[PDB]
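Structure below is data_2.cif: mmCIF, C-alpha atoms and all ligand atoms.
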```cif
data_query
#
loop_
_atom_site.label_atom_id
_atom_site.label_comp_id
_atom_site.auth_asym_id
_atom_site.auth_seq_id
_atom_site.Cartn_x
_atom_site.Cartn_y
_atom_site.Cartn_z
CA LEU A 1 0.00 0.00 0.00
CA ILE A 2 3.10 2.18 0.28
CA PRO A 3 3.55 3.87 3.69
CA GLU A 4 3.54 7.62 4.07
CA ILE A 5 6.94 9.34 4.03
CA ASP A 6 7.45 9.95 7.74
CA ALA A 7 6.22 6.42 8.53
CA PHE A 8 8.62 4.89 6.01
CA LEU A 9 11.63 6.85 7.30
CA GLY A 10 13.54 6.06 10.47
CA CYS A 11 14.01 9.62 11.71
CA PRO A 12 13.24 13.25 10.93
CA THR A 13 15.77 15.59 9.43
CA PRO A 14 17.59 16.98 12.48
CA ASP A 15 17.29 20.65 13.33
CA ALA A 16 21.07 20.91 13.31
CA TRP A 17 21.17 19.89 9.64
CA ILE A 18 18.59 22.54 8.73
CA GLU A 19 20.65 25.18 10.50
CA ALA A 20 23.77 24.09 8.61
CA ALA A 21 21.94 24.06 5.27
CA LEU A 22 20.47 27.54 5.70
CA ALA A 23 23.94 28.93 6.45
CA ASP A 24 25.45 27.48 3.28
CA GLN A 25 22.75 27.48 0.63
CA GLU A 26 25.34 27.66 -2.17
CA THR A 27 26.80 24.26 -1.27
CA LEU A 28 23.26 22.97 -0.74
CA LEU A 29 22.14 24.03 -4.22
CA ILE A 30 25.23 22.61 -5.91
CA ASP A 31 24.99 19.24 -4.17
CA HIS A 32 21.25 19.26 -4.91
CA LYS A 33 22.08 19.79 -8.61
CA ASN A 34 24.57 16.90 -8.41
CA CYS A 35 22.00 14.67 -6.71
CA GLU A 36 19.52 15.22 -9.53
CA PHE A 37 22.24 14.27 -12.00
CA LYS A 38 23.27 11.25 -9.97
CA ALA A 39 19.65 10.06 -9.80
CA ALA A 40 19.53 10.10 -13.59
CA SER A 41 22.95 8.46 -13.82
CA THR A 42 21.82 5.73 -11.38
CA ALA A 43 18.66 5.15 -13.40
CA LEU A 44 20.75 4.64 -16.55
CA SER A 45 23.10 2.26 -14.72
CA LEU A 46 20.07 0.14 -13.84
CA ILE A 47 18.95 0.08 -17.49
CA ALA A 48 22.46 -1.00 -18.50
CA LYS A 49 22.53 -3.82 -15.93
CA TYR A 50 18.94 -5.04 -16.37
CA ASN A 51 18.93 -4.51 -20.12
CA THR A 52 16.03 -6.87 -20.94
CA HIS A 53 13.79 -5.96 -17.94
CA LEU A 54 11.20 -4.03 -19.94
CA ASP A 55 9.23 -2.68 -16.95
CA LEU A 56 12.41 -1.44 -15.29
CA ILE A 57 13.83 0.08 -18.47
CA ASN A 58 10.69 2.01 -19.38
CA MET A 59 10.30 3.37 -15.85
CA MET A 60 14.00 4.21 -15.50
CA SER A 61 14.29 5.96 -18.86
CA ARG A 62 11.35 8.25 -18.04
CA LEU A 63 12.62 8.74 -14.49
CA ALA A 64 16.05 9.69 -15.81
CA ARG A 65 14.49 12.36 -18.03
CA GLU A 66 12.54 13.91 -15.15
CA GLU A 67 15.69 14.03 -13.02
CA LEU A 68 17.63 15.69 -15.82
CA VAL A 69 14.88 18.31 -16.03
CA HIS A 70 15.36 18.92 -12.30
CA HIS A 71 19.13 19.00 -12.90
CA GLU A 72 18.69 21.75 -15.52
CA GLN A 73 16.20 23.61 -13.30
CA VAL A 74 18.76 23.80 -10.47
CA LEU A 75 21.43 24.98 -12.91
CA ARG A 76 19.10 27.78 -14.02
CA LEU A 77 18.41 28.73 -10.40
CA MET A 78 22.16 28.77 -9.80
CA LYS A 79 22.55 31.08 -12.81
CA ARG A 80 19.81 33.41 -11.54
CA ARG A 81 21.39 33.59 -8.07
CA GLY A 82 25.03 33.81 -9.15
CA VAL A 83 26.08 30.50 -7.57
CA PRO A 84 29.35 29.35 -9.19
CA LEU A 85 29.91 25.94 -10.77
CA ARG A 86 32.06 24.82 -7.91
CA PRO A 87 33.16 21.16 -7.60
CA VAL A 88 31.38 19.43 -4.71
CA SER A 89 32.37 15.83 -4.08
CA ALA A 90 29.77 13.14 -3.45
CA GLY A 91 28.75 12.58 0.15
CA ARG A 92 28.69 9.33 2.09
CA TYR A 93 24.93 8.70 2.00
CA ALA A 94 24.11 6.82 -1.21
CA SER A 95 27.31 4.75 -1.21
CA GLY A 96 26.72 3.88 2.44
CA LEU A 97 23.28 2.52 1.58
CA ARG A 98 24.52 0.70 -1.53
CA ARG A 99 26.87 -1.30 0.71
CA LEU A 100 23.78 -3.07 2.05
CA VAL A 101 22.63 -4.55 -1.26
CA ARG A 102 22.99 -8.32 -1.50
CA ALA A 103 25.32 -9.75 -4.13
CA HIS A 104 23.06 -12.33 -5.82
CA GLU A 105 20.11 -11.93 -8.18
CA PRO A 106 17.18 -11.48 -7.89
CA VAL A 107 17.46 -9.97 -4.40
CA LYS A 108 20.36 -7.78 -5.55
CA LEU A 109 17.93 -5.90 -7.82
CA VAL A 110 15.25 -5.83 -5.11
CA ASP A 111 17.73 -4.36 -2.60
CA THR A 112 18.81 -1.73 -5.13
CA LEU A 113 15.23 -0.57 -5.67
CA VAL A 114 14.56 -0.38 -1.89
CA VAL A 115 17.63 1.81 -1.51
CA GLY A 116 16.20 4.01 -4.26
CA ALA A 117 12.92 4.35 -2.40
CA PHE A 118 14.74 5.46 0.75
CA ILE A 119 16.81 8.07 -1.10
CA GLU A 120 13.68 9.52 -2.72
CA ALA A 121 11.71 9.37 0.53
CA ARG A 122 14.45 11.17 2.45
CA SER A 123 14.66 13.82 -0.29
CA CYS A 124 10.93 14.42 0.01
CA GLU A 125 11.07 14.70 3.82
CA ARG A 126 14.10 16.96 3.66
CA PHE A 127 12.69 19.31 1.03
CA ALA A 128 9.59 19.52 3.24
CA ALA A 129 11.74 20.37 6.27
CA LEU A 130 13.49 23.22 4.42
CA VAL A 131 10.57 24.90 2.63
CA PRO A 132 9.28 27.06 5.54
CA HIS A 133 12.78 28.52 6.15
CA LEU A 134 13.67 29.41 2.54
CA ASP A 135 13.02 32.53 0.52
CA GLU A 136 9.77 32.53 -1.45
CA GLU A 137 11.14 31.48 -4.84
CA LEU A 138 13.35 28.64 -3.59
CA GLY A 139 10.71 27.42 -1.16
CA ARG A 140 8.19 27.27 -4.00
CA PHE A 141 10.74 25.38 -6.12
CA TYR A 142 11.49 22.85 -3.37
CA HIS A 143 7.79 22.49 -2.56
CA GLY A 144 7.33 21.70 -6.25
CA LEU A 145 10.07 19.06 -6.15
CA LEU A 146 8.54 17.60 -2.98
CA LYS A 147 5.65 16.11 -4.95
CA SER A 148 7.86 14.49 -7.59
CA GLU A 149 10.03 12.84 -4.92
CA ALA A 150 6.93 11.28 -3.37
CA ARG A 151 6.00 9.79 -6.74
CA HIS A 152 9.56 8.52 -7.27
CA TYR A 153 9.67 6.90 -3.84
CA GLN A 154 6.38 5.15 -4.61
CA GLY A 155 7.69 4.01 -8.00
CA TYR A 156 10.89 2.44 -6.68
CA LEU A 157 9.02 0.59 -3.94
CA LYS A 158 6.35 -0.57 -6.40
CA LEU A 159 9.02 -1.75 -8.83
CA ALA A 160 10.60 -3.64 -5.93
CA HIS A 161 7.31 -5.52 -5.45
CA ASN A 162 7.16 -6.27 -9.17
CA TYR A 163 10.42 -8.23 -8.77
CA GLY A 164 10.49 -9.53 -5.18
CA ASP A 165 8.43 -11.25 -2.51
CA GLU A 166 6.55 -9.32 0.17
CA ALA A 167 8.42 -11.01 3.02
CA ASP A 168 11.83 -10.48 1.39
CA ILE A 169 11.19 -6.78 0.76
CA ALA A 170 9.98 -6.35 4.36
CA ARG A 171 13.27 -7.57 5.85
CA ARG A 172 15.23 -5.47 3.37
CA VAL A 173 13.32 -2.26 4.15
CA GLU A 174 13.90 -2.87 7.85
CA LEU A 175 17.65 -3.25 7.26
CA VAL A 176 18.03 -0.16 5.06
CA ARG A 177 15.85 1.95 7.36
CA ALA A 178 18.20 1.29 10.29
CA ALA A 179 21.30 2.19 8.30
CA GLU A 180 19.66 5.22 6.70
CA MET A 181 18.68 6.62 10.11
CA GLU A 182 22.27 6.14 11.28
CA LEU A 183 23.63 8.02 8.26
CA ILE A 184 21.20 10.90 8.88
CA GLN A 185 21.66 11.17 12.66
CA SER A 186 25.39 10.52 13.00
CA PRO A 187 27.96 13.31 12.80
CA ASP A 188 29.18 14.08 9.30
CA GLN A 189 32.10 16.13 8.14
CA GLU A 190 30.26 18.38 5.73
CA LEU A 191 27.00 19.73 4.37
CA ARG A 192 25.40 17.68 1.64
CA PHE A 193 21.74 17.42 0.80
CA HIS A 194 21.81 13.94 2.38
CA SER A 195 24.59 14.51 4.91
CA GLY A 196 24.52 13.73 8.61
CA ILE A 197 24.72 16.25 11.44
CA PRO A 198 27.79 18.53 11.32
CA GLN A 199 30.41 18.53 14.06
CA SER B 1 30.97 27.91 -41.30
CA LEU B 2 33.26 24.87 -41.10
CA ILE B 3 30.42 22.61 -40.16
CA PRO B 4 30.46 20.67 -43.45
CA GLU B 5 27.51 18.80 -44.89
CA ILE B 6 27.15 15.27 -43.50
CA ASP B 7 28.30 13.51 -46.66
CA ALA B 8 31.25 15.89 -47.00
CA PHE B 9 32.21 15.40 -43.35
CA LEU B 10 32.09 11.60 -43.67
CA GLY B 11 34.79 9.54 -45.34
CA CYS B 12 32.53 7.07 -47.17
CA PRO B 13 28.89 6.15 -47.79
CA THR B 14 27.21 3.25 -46.04
CA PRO B 15 28.11 0.20 -48.19
CA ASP B 16 25.33 -1.55 -50.05
CA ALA B 17 26.48 -4.81 -48.45
CA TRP B 18 25.69 -3.40 -45.01
CA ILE B 19 22.20 -2.32 -46.14
CA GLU B 20 21.53 -5.82 -47.50
CA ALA B 21 22.59 -7.34 -44.19
CA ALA B 22 20.58 -4.80 -42.19
CA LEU B 23 17.41 -5.47 -44.18
CA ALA B 24 17.75 -9.22 -43.57
CA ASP B 25 17.94 -8.75 -39.78
CA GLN B 26 15.96 -5.64 -38.89
CA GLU B 27 15.29 -7.12 -35.44
CA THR B 28 18.96 -7.08 -34.44
CA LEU B 29 19.16 -3.63 -36.04
CA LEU B 30 16.24 -2.31 -33.98
CA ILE B 31 17.55 -3.76 -30.72
CA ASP B 32 21.06 -2.40 -31.32
CA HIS B 33 19.62 0.96 -32.37
CA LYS B 34 17.65 1.11 -29.12
CA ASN B 35 20.85 0.40 -27.18
CA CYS B 36 22.71 3.08 -29.16
CA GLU B 37 20.10 5.68 -28.15
CA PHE B 38 20.61 4.55 -24.57
CA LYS B 39 24.40 4.66 -24.99
CA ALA B 40 24.27 8.19 -26.40
CA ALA B 41 22.46 9.40 -23.28
CA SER B 42 24.83 7.57 -20.95
CA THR B 43 27.84 8.99 -22.81
CA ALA B 44 26.39 12.50 -22.46
CA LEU B 45 26.00 11.95 -18.70
CA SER B 46 29.53 10.52 -18.57
CA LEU B 47 30.79 13.77 -20.11
CA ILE B 48 28.82 15.83 -17.54
CA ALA B 49 30.41 13.91 -14.66
CA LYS B 50 33.95 14.15 -16.06
CA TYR B 51 33.72 17.82 -17.15
CA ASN B 52 31.61 18.94 -14.19
CA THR B 53 32.64 22.61 -14.40
CA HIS B 54 32.39 23.03 -18.20
CA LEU B 55 29.12 24.95 -18.09
CA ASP B 56 28.36 25.08 -21.84
CA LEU B 57 28.99 21.33 -22.11
CA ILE B 58 26.77 20.49 -19.14
CA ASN B 59 23.82 22.51 -20.40
CA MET B 60 24.06 20.92 -23.86
CA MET B 61 24.68 17.35 -22.67
CA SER B 62 21.83 17.38 -20.15
CA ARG B 63 19.31 18.34 -22.84
CA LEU B 64 20.95 15.97 -25.33
CA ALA B 65 20.67 13.08 -22.87
CA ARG B 66 16.94 13.78 -22.48
CA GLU B 67 16.41 13.82 -26.26
CA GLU B 68 18.28 10.53 -26.67
CA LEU B 69 16.26 8.95 -23.85
CA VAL B 70 13.11 10.04 -25.67
CA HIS B 71 14.48 8.23 -28.74
CA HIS B 72 15.30 5.20 -26.59
CA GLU B 73 11.67 5.12 -25.39
CA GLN B 74 10.39 5.64 -28.93
CA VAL B 75 12.33 2.62 -30.24
CA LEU B 76 10.99 0.57 -27.34
CA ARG B 77 7.45 1.65 -28.18
CA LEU B 78 7.93 0.76 -31.83
CA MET B 79 9.41 -2.61 -30.81
CA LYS B 80 6.40 -3.32 -28.59
CA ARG B 81 3.94 -2.46 -31.38
CA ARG B 82 5.76 -4.78 -33.82
CA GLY B 83 6.31 -7.67 -31.41
CA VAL B 84 10.10 -7.33 -31.18
CA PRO B 85 11.22 -8.85 -27.85
CA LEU B 86 14.25 -7.68 -25.97
CA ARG B 87 17.35 -9.85 -25.92
CA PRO B 88 21.03 -9.25 -25.06
CA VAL B 89 22.96 -7.66 -27.92
CA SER B 90 26.54 -6.81 -27.00
CA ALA B 91 28.11 -3.57 -28.16
CA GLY B 92 29.84 -3.57 -31.50
CA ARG B 93 33.37 -2.39 -32.25
CA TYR B 94 32.65 1.07 -33.75
CA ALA B 95 32.51 3.54 -30.87
CA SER B 96 35.26 1.75 -28.95
CA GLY B 97 37.47 1.78 -32.04
CA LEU B 98 36.97 5.52 -32.40
CA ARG B 99 37.55 6.30 -28.73
CA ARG B 100 40.99 4.67 -29.05
CA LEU B 101 41.97 7.71 -31.17
CA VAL B 102 41.32 10.23 -28.39
CA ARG B 103 44.55 11.81 -27.16
CA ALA B 104 45.36 11.22 -23.51
CA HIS B 105 45.83 14.72 -22.04
CA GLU B 106 43.58 17.76 -21.65
CA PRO B 107 42.31 19.90 -23.22
CA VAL B 108 42.64 17.98 -26.51
CA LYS B 109 41.20 14.83 -24.91
CA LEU B 110 37.88 16.66 -24.50
CA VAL B 111 38.11 18.14 -28.01
CA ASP B 112 38.87 14.74 -29.54
CA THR B 113 36.01 13.17 -27.59
CA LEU B 114 33.61 15.75 -29.02
CA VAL B 115 34.95 15.17 -32.54
CA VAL B 116 34.36 11.43 -32.13
CA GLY B 117 30.81 12.23 -31.03
CA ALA B 118 30.31 14.36 -34.14
CA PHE B 119 31.34 11.44 -36.36
CA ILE B 120 29.06 8.97 -34.55
CA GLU B 121 26.09 11.32 -35.01
CA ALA B 122 26.97 12.14 -38.63
CA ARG B 123 27.29 8.44 -39.48
CA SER B 124 23.95 7.72 -37.81
CA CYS B 125 22.33 10.43 -39.94
CA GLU B 126 23.85 9.16 -43.18
CA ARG B 127 23.00 5.56 -42.40
CA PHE B 128 19.37 6.29 -41.48
CA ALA B 129 19.11 8.11 -44.81
CA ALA B 130 20.60 5.10 -46.63
CA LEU B 131 18.06 2.77 -45.00
CA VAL B 132 14.70 4.53 -45.28
CA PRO B 133 14.08 3.97 -49.06
CA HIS B 134 14.05 0.25 -48.23
CA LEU B 135 11.88 0.27 -45.10
CA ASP B 136 8.15 0.08 -44.45
CA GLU B 137 6.27 3.34 -44.10
CA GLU B 138 6.06 3.45 -40.29
CA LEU B 139 9.71 2.54 -39.72
CA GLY B 140 10.87 4.92 -42.46
CA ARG B 141 8.88 7.81 -40.98
CA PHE B 142 10.37 7.15 -37.55
CA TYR B 143 13.93 6.84 -38.83
CA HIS B 144 13.51 10.03 -40.86
CA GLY B 145 12.64 11.98 -37.68
CA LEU B 146 15.73 10.53 -36.03
CA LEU B 147 17.93 11.41 -39.01
CA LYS B 148 17.04 15.08 -38.60
CA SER B 149 17.93 15.05 -34.90
CA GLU B 150 21.26 13.37 -35.70
CA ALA B 151 22.15 16.21 -38.06
CA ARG B 152 21.49 18.62 -35.19
CA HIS B 153 23.57 16.55 -32.76
CA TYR B 154 26.47 16.35 -35.22
CA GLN B 155 26.43 20.13 -35.49
CA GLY B 156 26.18 20.48 -31.72
CA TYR B 157 29.14 18.18 -31.04
CA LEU B 158 31.28 19.96 -33.65
CA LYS B 159 30.23 23.38 -32.32
CA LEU B 160 31.17 22.30 -28.80
CA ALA B 161 34.55 21.03 -30.07
CA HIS B 162 35.26 24.48 -31.52
CA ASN B 163 34.00 26.12 -28.32
CA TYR B 164 36.88 24.44 -26.47
CA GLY B 165 39.47 23.86 -29.22
CA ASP B 166 41.53 25.70 -31.80
CA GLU B 167 40.51 25.50 -35.46
CA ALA B 168 43.78 24.02 -36.75
CA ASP B 169 43.99 21.31 -34.09
CA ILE B 170 40.37 20.20 -34.58
CA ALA B 171 40.89 20.18 -38.35
CA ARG B 172 43.53 17.46 -38.10
CA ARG B 173 41.79 15.55 -35.33
CA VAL B 174 38.89 15.32 -37.78
CA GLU B 175 41.20 14.13 -40.56
CA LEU B 176 42.51 11.27 -38.39
CA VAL B 177 39.12 10.18 -36.98
CA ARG B 178 37.62 10.37 -40.49
CA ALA B 179 40.20 7.89 -41.83
CA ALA B 180 39.63 5.49 -38.93
CA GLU B 181 35.85 5.85 -39.17
CA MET B 182 35.88 4.99 -42.88
CA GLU B 183 37.98 1.90 -42.09
CA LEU B 184 35.54 0.67 -39.44
CA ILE B 185 32.63 1.16 -41.86
CA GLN B 186 34.18 -0.34 -45.00
CA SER B 187 36.10 -3.26 -43.48
CA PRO B 188 34.55 -6.70 -42.96
CA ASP B 189 32.79 -7.38 -39.67
CA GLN B 190 31.70 -10.50 -37.79
CA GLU B 191 28.31 -9.15 -36.64
CA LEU B 192 25.50 -6.82 -37.66
CA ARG B 193 25.12 -3.66 -35.57
CA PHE B 194 23.78 -0.24 -36.47
CA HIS B 195 27.41 0.94 -36.85
CA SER B 196 29.00 -2.36 -37.91
CA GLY B 197 31.29 -2.89 -40.83
CA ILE B 198 30.28 -5.15 -43.68
CA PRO B 199 29.08 -8.44 -42.13
CA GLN B 200 30.14 -11.86 -43.35
CA CA C 1 9.36 7.58 11.14
CL CL C 2 21.47 29.22 10.04
CL CL C 3 12.37 15.22 -21.39
FE FE C 4 14.59 14.89 -8.72
FE FE C 5 13.55 12.06 -7.68
FE FE C 6 19.09 9.71 -31.01
FE FE C 7 21.68 11.57 -31.59
#
```
Output the file's structure in the form of structure tokens.
Amino acid sequence: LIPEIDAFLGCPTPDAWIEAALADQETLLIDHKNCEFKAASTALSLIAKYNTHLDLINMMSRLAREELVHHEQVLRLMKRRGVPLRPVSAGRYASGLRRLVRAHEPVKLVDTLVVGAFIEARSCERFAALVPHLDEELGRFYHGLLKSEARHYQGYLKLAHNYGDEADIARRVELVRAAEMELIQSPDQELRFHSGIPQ
Amino acid sequence: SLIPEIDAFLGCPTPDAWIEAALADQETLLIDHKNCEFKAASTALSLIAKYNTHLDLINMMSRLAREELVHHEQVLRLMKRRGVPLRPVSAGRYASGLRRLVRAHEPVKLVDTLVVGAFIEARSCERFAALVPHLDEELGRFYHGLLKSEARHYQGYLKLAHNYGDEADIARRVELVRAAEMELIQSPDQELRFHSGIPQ
């Protein structure tokens, strides 16, 4: 039935992360831009690996296009606000979750899709947490992205059920949820969209 | 303008022997074509990640990747309507043979990469044009729409190469890739792919 976002997630975005993000919105926007790109890149990696899974490929191709639209939309917002194209390395979050995916098919694919649902669900929750503190234009933008993330979280989890058993997805969601909460609540060195709490 | 016409830019026409082989296995051709549209988008994203502060490149490649993913989905839709199942079709030799020509150090590595992209798109355009007289109406109409986009992408790759490179250096990168590209197209090949040589 797909749980609601806060139910699905193991913890709220911490206040300390919101404070850090509001104080460095330039790094936030750039890593946000990179996350949209990486979502599209990840979608295409799934097409490449599961290259005769027609349901997956059709969903992923369309998902990749929507994320590239978001990618371009952040670049245009950066241009409007004079944010420079500054290199920002990937954070620990997605690769930390990917470590949990099992090595053998078909549960390898199932685990990968569950991780995708968590990343989208956290993005939705975190956009929601930021909106009331942002200027009008950026809050409206992030509130607009909030609805697409909810759809993407639902899609990943639904695609997981198209390829895995209910009981096997249940255990996997429980395992990722615990690790995801740890990544969000533990201290992190720097500000990323999906980073932990700063020191 | 030094964006030549497609046929002038290219070192040879598509051989008749390739057309004959393509018409006898349009199912492999369609599947490989679908993968090529996919591979164009993934290459565009690969360029974005590698050249993550080249702003003009990123804006072009992001839109280009979306257009190629639309083409990817369009081939899939056409395959579904015609009952063409998916099956594994490994990449051919063409693009990998061309990428071996790219020089190893920047900024000419980027320039050479963009030149190679221009040749891949120009060849696609020429080869679609060679095919459509021989195809059914629906397939020909679809391939003709793609041919026009390929002409645009060829121009875009070449324009981006000049945006980052000097005219004289590009001019002789093009001369070297052109000779290799003609060799890959005219020489015998062990398989049929959209960009294969002459199969046997
Ligand atoms: Ca919760
Ligand atoms: Cl603050
Ligand atoms: Cl699009
Ligand atoms: Fe997005
Ligand atoms: Fe998303
Ligand atoms: Fe295309
Ligand atoms: Fe193209």
Exercise for review: Do me a favour and pick out the residues of chain B within 10 Å of chain A, using only C-alpha atoms, as a count of residues only.
Suggested key: 35
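Where the distance criterion is 7 Å and the atoms used are only C-alpha atoms and all ligand atoms, the residues close to ligand FE 6 (chain C) are residues 37, 67, 68, 71, 146, 149 and 150 of chain B.
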Check your understanding: If you count only C-alpha atoms and all ligand atoms, which residues end up within 7 Å of ligand FE 4 (chain C), as a list in words?
Key -> residues 36, 66, 67, 70, 145, 148 and 149 of chain A
Create the file for the chosen residues now, containing C-alpha atoms and written as a CSV table (one decimal), in the coordinates of the input.
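Contents of part19.csv, freshly written:
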```
chain,number,residue,atom,x,y,z
A,36,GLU,CA,19.5,15.2,-9.5
A,66,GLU,CA,12.5,13.9,-15.2
A,67,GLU,CA,15.7,14.0,-13.0
A,70,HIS,CA,15.4,18.9,-12.3
A,145,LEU,CA,10.1,19.1,-6.2
A,148,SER,CA,7.9,14.5,-7.6
A,149,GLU,CA,10.0,12.8,-4.9
```
List the neighbours of stretch 179-182 of chain B out to 8 Å using all atoms listed in the file; skip same-chain residues closer than 4 positions along the sequence, and give me the result as a PDB file with C-alpha atoms, keeping the file's coordinate frame.
```pdb
ATOM      1  CA  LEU B  10      32.090  11.600 -43.670  1.00  0.00           C
ATOM      2  CA  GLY B  11      34.790   9.540 -45.340  1.00  0.00           C
ATOM      3  CA  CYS B  12      32.530   7.070 -47.170  1.00  0.00           C
ATOM      4  CA  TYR B  94      32.650   1.070 -33.750  1.00  0.00           C
ATOM      5  CA  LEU B  98      36.970   5.520 -32.400  1.00  0.00           C
ATOM      6  CA  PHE B 119      31.340  11.440 -36.360  1.00  0.00           C
ATOM      7  CA  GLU B 175      41.200  14.130 -40.560  1.00  0.00           C
ATOM      8  CA  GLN B 186      34.180  -0.340 -45.000  1.00  0.00           C
TER       9      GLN B 186
END
```
Exercise for review: List all protein, DNA and RNA residues that have an atom no more than 9 Å from any atom of ligand CA 1 (chain C), counting all atoms listed in the file, and report them as number ranges by chain.
Suggested key: A: 5-12
Exercise for review: Determine, counting only C-alpha atoms, which protein, DNA and RNA residues have an atom within 7 Å of an atom of stretch 119-123 of chain A; residues of the same chain fewer than 2 positions away are not included. Present the result as a list in words.
Suggested key: residues 5, 115, 116, 117, 125, 126, 127, 149, 150, 152 and 153 of chain A
Exercise for review: Name the residues, by chain letter and number, that sit within 12 Å of ligand CL 2 (chain C) using only C-alpha atoms and all ligand atoms, and give them as a ChimeraX atom specification.
Suggested key: /A:15-25,130,133-134
Review point. Could you name the residues that touch residue B:95 at 10 Å or less, counting all atoms listed in the file, but leaving out those on the same chain fewer than 2 positions away, as a list in words?
Key: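 Near neighbours after the sequence-gap exclusion: residues 36, 91, 92, 93, 97, 98, 99, 100, 116, 117, 119, 120, 181, 184, 195 and 196 of chain B.
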Go ahead and save the picked residues with C-alpha atoms, as a PDB file, in the frame of the given file.
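Saved to again.pdb:
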```pdb
ATOM      1  CA  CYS B  36      22.710   3.080 -29.160  1.00  0.00           C
ATOM      2  CA  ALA B  91      28.110  -3.570 -28.160  1.00  0.00           C
ATOM      3  CA  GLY B  92      29.840  -3.570 -31.500  1.00  0.00           C
ATOM      4  CA  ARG B  93      33.370  -2.390 -32.250  1.00  0.00           C
ATOM      5  CA  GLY B  97      37.470   1.780 -32.040  1.00  0.00           C
ATOM      6  CA  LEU B  98      36.970   5.520 -32.400  1.00  0.00           C
ATOM      7  CA  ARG B  99      37.550   6.300 -28.730  1.00  0.00           C
ATOM      8  CA  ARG B 100      40.990   4.670 -29.050  1.00  0.00           C
ATOM      9  CA  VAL B 116      34.360  11.430 -32.130  1.00  0.00           C
ATOM     10  CA  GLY B 117      30.810  12.230 -31.030  1.00  0.00           C
ATOM     11  CA  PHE B 119      31.340  11.440 -36.360  1.00  0.00           C
ATOM     12  CA  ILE B 120      29.060   8.970 -34.550  1.00  0.00           C
ATOM     13  CA  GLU B 181      35.850   5.850 -39.170  1.00  0.00           C
ATOM     14  CA  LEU B 184      35.540   0.670 -39.440  1.00  0.00           C
ATOM     15  CA  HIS B 195      27.410   0.940 -36.850  1.00  0.00           C
ATOM     16  CA  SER B 196      29.000  -2.360 -37.910  1.00  0.00           C
TER      17      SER B 196
END
```
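Atom CA of residue A:129 sits 18.1 Å away from atom CA of residue A:93.
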